[PDB]
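Pasting upload_17.cif here (mmCIF, C-alpha atoms and all ligand atoms):
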```cif
data_query
#
loop_
_atom_site.label_atom_id
_atom_site.label_comp_id
_atom_site.auth_asym_id
_atom_site.auth_seq_id
_atom_site.Cartn_x
_atom_site.Cartn_y
_atom_site.Cartn_z
CA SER E 40 -20.61 -22.16 -33.07
CA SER E 41 -18.84 -18.80 -32.77
CA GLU E 42 -15.15 -18.35 -33.46
CA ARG E 43 -14.77 -16.90 -29.99
CA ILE E 44 -15.70 -20.17 -28.28
CA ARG E 45 -13.95 -22.36 -30.86
CA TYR E 46 -10.61 -20.65 -30.28
CA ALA E 47 -11.08 -20.37 -26.53
CA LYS E 48 -11.64 -24.13 -26.46
CA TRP E 49 -8.63 -24.51 -28.80
CA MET E 50 -6.28 -22.77 -26.39
CA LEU E 51 -7.54 -24.91 -23.51
CA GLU E 52 -7.22 -28.01 -25.67
CA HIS E 53 -3.52 -27.21 -25.90
CA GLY E 54 -2.93 -26.83 -22.18
CA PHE E 55 -3.05 -23.04 -21.94
CA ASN E 56 -5.15 -21.15 -19.43
CA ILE E 57 -7.61 -18.46 -20.43
CA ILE E 58 -9.66 -16.04 -18.36
CA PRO E 59 -12.97 -14.39 -19.25
CA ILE E 60 -13.04 -10.58 -19.47
CA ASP E 61 -15.81 -8.61 -17.73
CA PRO E 62 -17.80 -6.78 -20.43
CA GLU E 63 -18.01 -3.61 -18.36
CA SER E 64 -14.74 -3.33 -16.44
CA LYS E 65 -13.01 -4.70 -19.53
CA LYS E 66 -10.67 -6.52 -17.15
CA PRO E 67 -10.32 -10.19 -16.17
CA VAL E 68 -13.26 -11.51 -14.15
CA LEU E 69 -10.82 -12.30 -11.33
CA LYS E 70 -8.49 -9.71 -9.81
CA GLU E 71 -5.74 -12.25 -9.23
CA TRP E 72 -5.68 -13.74 -12.72
CA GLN E 73 -1.87 -13.69 -12.65
CA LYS E 74 -1.88 -16.97 -10.71
CA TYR E 75 -2.97 -18.60 -13.97
CA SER E 76 0.48 -18.11 -15.45
CA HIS E 77 1.39 -20.97 -13.14
CA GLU E 78 -1.64 -23.18 -12.47
CA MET E 79 -4.97 -24.25 -13.91
CA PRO E 80 -8.06 -23.38 -12.80
CA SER E 81 -10.21 -26.15 -11.29
CA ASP E 82 -12.76 -28.11 -13.34
CA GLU E 83 -15.56 -26.13 -11.66
CA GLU E 84 -13.73 -22.74 -12.64
CA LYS E 85 -13.02 -23.82 -16.22
CA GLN E 86 -16.68 -24.68 -16.83
CA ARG E 87 -17.73 -21.35 -15.36
CA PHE E 88 -15.26 -19.53 -17.59
CA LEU E 89 -16.45 -21.32 -20.74
CA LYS E 90 -20.11 -20.52 -20.04
CA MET E 91 -19.31 -16.80 -19.72
CA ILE E 92 -17.39 -16.89 -23.00
CA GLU E 93 -20.20 -18.79 -24.70
CA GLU E 94 -22.59 -16.22 -23.27
CA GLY E 95 -20.47 -13.63 -25.08
CA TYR E 96 -17.60 -12.59 -22.80
CA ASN E 97 -14.24 -11.92 -24.46
CA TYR E 98 -11.33 -13.83 -22.97
CA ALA E 99 -7.65 -13.35 -22.33
CA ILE E 100 -4.56 -15.46 -22.33
CA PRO E 101 -2.08 -14.84 -19.51
CA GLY E 102 1.49 -14.62 -20.77
CA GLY E 103 4.43 -16.49 -19.30
CA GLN E 104 2.59 -19.83 -19.17
CA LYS E 105 4.86 -22.73 -20.03
CA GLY E 106 7.39 -20.25 -21.37
CA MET E 107 4.76 -18.82 -23.69
CA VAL E 108 5.15 -15.10 -24.51
CA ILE E 109 3.43 -12.83 -27.01
CA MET E 110 5.35 -10.41 -29.21
CA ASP E 111 2.87 -7.54 -29.49
CA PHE E 112 3.54 -5.36 -32.55
CA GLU E 113 1.64 -2.11 -32.91
CA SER E 114 1.44 -2.39 -36.70
CA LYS E 115 1.30 -5.44 -38.97
CA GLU E 116 2.03 -3.36 -42.10
CA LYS E 117 5.01 -1.85 -40.31
CA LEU E 118 6.37 -5.27 -39.40
CA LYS E 119 5.91 -6.47 -42.99
CA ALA E 120 8.09 -3.58 -44.27
CA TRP E 121 10.59 -4.12 -41.49
CA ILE E 122 11.40 -7.84 -41.76
CA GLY E 123 9.83 -8.35 -45.16
CA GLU E 124 6.82 -10.35 -46.28
CA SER E 125 8.83 -13.55 -46.71
CA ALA E 126 10.13 -13.51 -43.16
CA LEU E 127 6.73 -12.62 -41.72
CA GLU E 128 5.09 -15.50 -43.60
CA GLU E 129 7.81 -17.85 -42.40
CA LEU E 130 7.22 -16.96 -38.77
CA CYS E 131 3.43 -17.12 -38.99
CA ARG E 132 3.87 -20.50 -40.65
CA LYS E 133 5.61 -22.04 -37.67
CA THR E 134 3.74 -20.37 -34.84
CA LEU E 135 0.45 -18.58 -34.05
CA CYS E 136 -0.09 -15.03 -35.37
CA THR E 137 -3.23 -12.97 -34.90
CA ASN E 138 -4.45 -9.54 -35.99
CA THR E 139 -5.31 -7.17 -33.15
CA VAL E 140 -8.40 -4.93 -33.14
CA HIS E 141 -6.23 -1.88 -33.72
CA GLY E 142 -4.26 -3.08 -36.73
CA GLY E 143 -1.38 -4.71 -34.88
CA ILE E 144 -0.19 -8.29 -34.82
CA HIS E 145 0.42 -10.78 -32.03
CA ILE E 146 3.03 -13.46 -32.63
CA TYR E 147 2.85 -16.14 -29.92
CA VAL E 148 6.03 -18.11 -29.20
CA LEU E 149 7.51 -20.57 -26.68
CA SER E 150 10.91 -19.59 -25.31
CA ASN E 151 13.13 -21.28 -22.72
CA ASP E 152 14.54 -17.80 -22.23
CA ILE E 153 11.83 -15.53 -20.84
CA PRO E 154 13.04 -12.09 -19.75
CA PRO E 155 13.02 -12.76 -16.01
CA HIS E 156 11.93 -9.10 -15.81
CA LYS E 157 9.64 -6.76 -17.73
CA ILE E 158 11.58 -5.11 -20.61
CA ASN E 159 9.65 -2.83 -22.97
CA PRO E 160 9.38 -1.49 -25.55
CA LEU E 161 11.73 -3.93 -27.30
CA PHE E 162 12.17 -1.74 -30.38
CA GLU E 163 11.66 1.95 -31.02
CA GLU E 164 11.24 4.12 -34.11
CA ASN E 165 11.23 7.86 -33.29
CA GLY E 166 11.72 7.62 -29.54
CA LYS E 167 8.51 5.63 -29.56
CA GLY E 168 8.16 1.92 -29.00
CA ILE E 169 6.65 -0.25 -31.70
CA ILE E 170 6.50 -3.65 -30.03
CA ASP E 171 6.09 -4.95 -26.50
CA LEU E 172 6.73 -8.41 -25.12
CA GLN E 173 3.82 -9.79 -23.11
CA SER E 174 5.05 -12.32 -20.54
CA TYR E 175 4.31 -13.00 -16.86
CA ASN E 176 1.74 -10.60 -15.36
CA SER E 177 0.23 -9.58 -18.66
CA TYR E 178 -2.30 -10.97 -21.08
CA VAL E 179 -3.59 -10.55 -24.62
CA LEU E 180 -7.15 -10.80 -25.88
CA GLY E 181 -7.70 -14.08 -27.67
CA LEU E 182 -8.99 -14.97 -31.12
CA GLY E 183 -12.69 -14.28 -31.52
CA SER E 184 -12.76 -11.49 -28.96
CA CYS E 185 -14.33 -8.34 -30.39
CA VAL E 186 -14.26 -4.74 -29.31
CA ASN E 187 -16.60 -1.87 -30.14
CA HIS E 188 -14.58 1.32 -30.31
CA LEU E 189 -17.39 3.74 -29.42
CA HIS E 190 -15.89 4.20 -25.99
CA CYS E 191 -12.31 4.84 -27.08
CA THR E 192 -11.35 8.49 -26.92
CA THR E 193 -7.55 8.60 -26.67
CA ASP E 194 -4.82 8.52 -29.34
CA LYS E 195 -3.90 4.83 -28.92
CA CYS E 196 -7.33 4.77 -30.37
CA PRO E 197 -7.27 4.30 -34.52
CA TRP E 198 -11.06 3.97 -34.35
CA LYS E 199 -11.64 6.80 -31.87
CA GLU E 200 -15.31 7.05 -30.85
CA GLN E 201 -16.50 5.16 -33.95
CA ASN E 202 -19.54 2.88 -33.78
CA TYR E 203 -17.29 0.16 -35.18
CA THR E 204 -16.48 -3.35 -33.97
CA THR E 205 -13.36 -5.26 -34.92
CA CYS E 206 -12.12 -8.57 -33.60
CA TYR E 207 -8.94 -10.52 -33.06
CA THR E 208 -8.60 -12.66 -36.16
CA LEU E 209 -6.09 -15.09 -37.61
CA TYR E 210 -3.27 -13.61 -39.66
CA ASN E 211 -3.70 -16.60 -42.02
CA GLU E 212 -3.82 -20.19 -40.75
CA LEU E 213 -4.36 -21.56 -37.26
CA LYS E 214 -1.07 -22.89 -35.88
CA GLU E 215 0.05 -24.36 -32.61
CA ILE E 216 2.19 -21.95 -30.55
CA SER E 217 5.73 -23.15 -31.09
CA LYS E 218 9.29 -22.70 -29.94
CA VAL E 219 11.53 -19.95 -31.24
CA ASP E 220 15.05 -19.00 -30.23
CA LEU E 221 13.90 -15.63 -28.83
CA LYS E 222 17.25 -13.89 -28.56
CA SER E 223 18.04 -15.01 -32.10
CA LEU E 224 14.73 -13.67 -33.32
CA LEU E 225 15.35 -10.32 -31.64
CA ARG E 226 18.86 -10.23 -33.15
CA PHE E 227 17.22 -10.76 -36.52
CA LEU E 228 14.70 -7.95 -36.02
CA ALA E 229 17.62 -5.71 -35.05
CA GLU E 230 19.68 -6.43 -38.15
CA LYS E 231 16.63 -5.89 -40.38
CA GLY E 232 15.70 -2.69 -38.61
CA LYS E 233 18.84 -0.61 -38.27
CA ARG E 234 18.74 0.44 -41.94
CA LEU E 235 15.17 1.61 -41.30
CA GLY E 236 15.86 3.52 -38.11
CA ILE E 237 14.25 0.78 -36.02
CA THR E 238 16.50 0.09 -33.01
CA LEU E 239 16.65 -2.03 -29.84
CA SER E 240 15.65 -0.25 -26.61
CA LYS E 241 18.04 0.27 -23.69
CA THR E 242 16.86 -2.47 -21.33
CA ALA E 243 16.25 -4.63 -24.40
CA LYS E 244 19.87 -4.52 -25.59
CA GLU E 245 21.13 -5.02 -22.02
CA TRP E 246 19.18 -8.29 -21.77
CA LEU E 247 19.97 -9.39 -25.31
CA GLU E 248 23.73 -8.67 -24.95
CA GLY E 249 23.69 -10.71 -21.74
MN MN Z 301 -0.95 -4.36 -27.36
ZN ZN Z 302 -10.37 0.84 -30.03
ZN ZN Z 303 -3.02 -29.28 -31.94
#
```
Could you show the structure in this file as structure tokens?
Amino acid sequence: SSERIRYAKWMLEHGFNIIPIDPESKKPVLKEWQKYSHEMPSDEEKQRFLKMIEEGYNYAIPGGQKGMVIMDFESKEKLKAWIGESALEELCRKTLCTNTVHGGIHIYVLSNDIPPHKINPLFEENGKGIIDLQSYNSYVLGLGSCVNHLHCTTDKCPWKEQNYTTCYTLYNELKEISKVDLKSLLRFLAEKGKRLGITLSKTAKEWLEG
């Protein structure tokens, strides 16, 4: 059928919880969706959630689940120039990467080490963050979800007020979310970025440096 339901079913298939997004509020159908970073949904909530998504609701994936966290980069092209095409391909070869509706890229990973606390932005370029880590108490829109930008009027908006719809798509190939040595990955981003003026944030270094 649609890619939206295929991928929603795919995340479930792999033991990850998803939550439908209300088309109007643009927020999860349930106020306390955070509980899904730690438990499933009953078989009479899952069914309900899948019908809504089939009907056309977008859906989100709570972070933190089974050590799963999403590295949320504001710009794919920026990341390509930062760590290089080879490194980006390598990463999106071992784990799941998706294109966001605003031109960014989500790299999903499994990490024993999850910042016990919220630490963002991880990296900054011009006193402005360029990547956030989505873990417990946050979520990302999943593959197949689409957003019409007609109602976006701020600056975080590339498609400000445009009658234009984009969707979360695969960077390249579908891959199971896999393990990565997170601190090592962040060390890598740091070494690649200092020559480009891309640096670790304050809290970020603190955590990293232990
Ligand atoms: Mn984001
Ligand atoms: Zn938009
Ligand atoms: Zn599989």
message = Which residues are close to residue 215 in chain E, i.e. within 10 Å by all atoms listed in the file, leaving aside same-chain residues fewer than 4 positions away? Reply as a PyMOL selection string.
response = chain E and resi 49-50+53+132-136+147-148
Taking a cut-off of 12 Å and counting all atoms listed in the file, can you build a table that, for each residue of chain E near ligand MN 301 (chain Z), reports the nearest atom pair and how far apart they are in Å (one decimal), sorted by chain then residue number, as CSV?
```
residue,atom,partner,partner_atom,distance
E:109,CA,Z:MN301,MN,9.5
E:110,CA,Z:MN301,MN,8.9
E:111,CA,Z:MN301,MN,5.4
E:112,CA,Z:MN301,MN,6.9
E:113,CA,Z:MN301,MN,6.5
E:114,CA,Z:MN301,MN,9.8
E:115,CA,Z:MN301,MN,11.9
E:137,CA,Z:MN301,MN,11.7
E:138,CA,Z:MN301,MN,10.7
E:139,CA,Z:MN301,MN,7.8
E:140,CA,Z:MN301,MN,9.4
E:141,CA,Z:MN301,MN,8.6
E:142,CA,Z:MN301,MN,10.0
E:143,CA,Z:MN301,MN,7.5
E:144,CA,Z:MN301,MN,8.5
E:145,CA,Z:MN301,MN,8.1
E:146,CA,Z:MN301,MN,11.2
E:159,CA,Z:MN301,MN,11.6
E:160,CA,Z:MN301,MN,10.9
E:168,CA,Z:MN301,MN,11.2
E:169,CA,Z:MN301,MN,9.7
E:170,CA,Z:MN301,MN,7.9
E:171,CA,Z:MN301,MN,7.1
E:172,CA,Z:MN301,MN,9.0
E:173,CA,Z:MN301,MN,8.4
E:177,CA,Z:MN301,MN,10.2
E:178,CA,Z:MN301,MN,9.2
E:179,CA,Z:MN301,MN,7.3
E:180,CA,Z:MN301,MN,9.1
E:181,CA,Z:MN301,MN,11.8
E:195,CA,Z:MN301,MN,9.8
E:196,CA,Z:MN301,MN,11.5
E:207,CA,Z:MN301,MN,11.6
```
message = So that I can check the surroundings of residue 42 in chain E, please list as a ChimeraX atom specification every protein, DNA and RNA residue that reaches within 7 Å of it, counting all atoms listed in the file and ignoring chain neighbours fewer than 3 positions away.
response = /E:45-46,183
task = Determine the nearest neighbour of residue 201 in chain E from the options E:60, E:214, E:186, E:68, counting all atoms listed in the file.
result =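 Of E:60, E:214, E:186, E:68, the one nearest residue 201 in chain E is E:186, counting all atoms listed in the file.
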task = Please identify every polymer residue within 6 Å of ligand ZN 302 (chain Z), using all atoms listed in the file, and present the set as a ChimeraX atom specification.
result = /E:188,191,196,198
Gap from CA of residue 130 in chain E to CA of residue 150 in chain E - Å, one decimal = 14.2 Å
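Picture a line from CA of residue 100 in chain E to CA of residue 229 in chain E; it runs 27.4 Å.
Using all atoms listed in the file, the smallest distance between any of E:221, E:158, E:126, E:213 and ligand ZN 303 (chain Z) comes from E:213.
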For CA of residue 86 in chain E and CA of residue 48 in chain E, the interatomic separation in Å (one decimal) =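 Here the two named atoms are 10.9 Å from each other.
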ask   = From the list E:174, E:52, E:64, E:57, which residue is nearest ligand ZN 303 (chain Z) when using all atoms listed in the file?
value =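 Ranking E:174, E:52, E:64, E:57 by distance to ligand ZN 303 (chain Z), first place goes to E:52.
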inquiry  = My list of candidates is E:217, E:97, E:187, E:81. Which is closest to ligand ZN 303 (chain Z) when distances are computed with all atoms listed in the file?
reply    = E:217
ask   = Which one of E:69, E:122, E:185, E:161 sits closest to residue 242 in chain E if you count all atoms listed in the file?
value =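 Ranked by minimum distance to residue 242 in chain E, first place goes to E:161.
Compared by their closest atoms to residue 156 in chain E, and using all atoms listed in the file, the residues E:123, E:62, E:95, E:103 rank with E:103 nearest.
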message = Set the distance at 12 Å and use only C-alpha atoms: which residues neighbour residue 56 in chain E once local chain neighbours fewer than 5 positions away are removed? I'd like the list as a PyMOL selection string.
response = chain E and resi 47-51+72-82+84-85+88-89+98-105+107+178-179+181
What box, with edges along x, y and z, holds each listed atom of range 199-214 of chain E when 5 Å is added on every side, and can you state its centre and edge lengths in Å to one decimal, as lines of an AutoDock Vina configuration file?
```
center_x = -10.3
center_y = -7.9
center_z = -36.4
size_x = 28.5
size_y = 39.9
size_z = 21.2
```
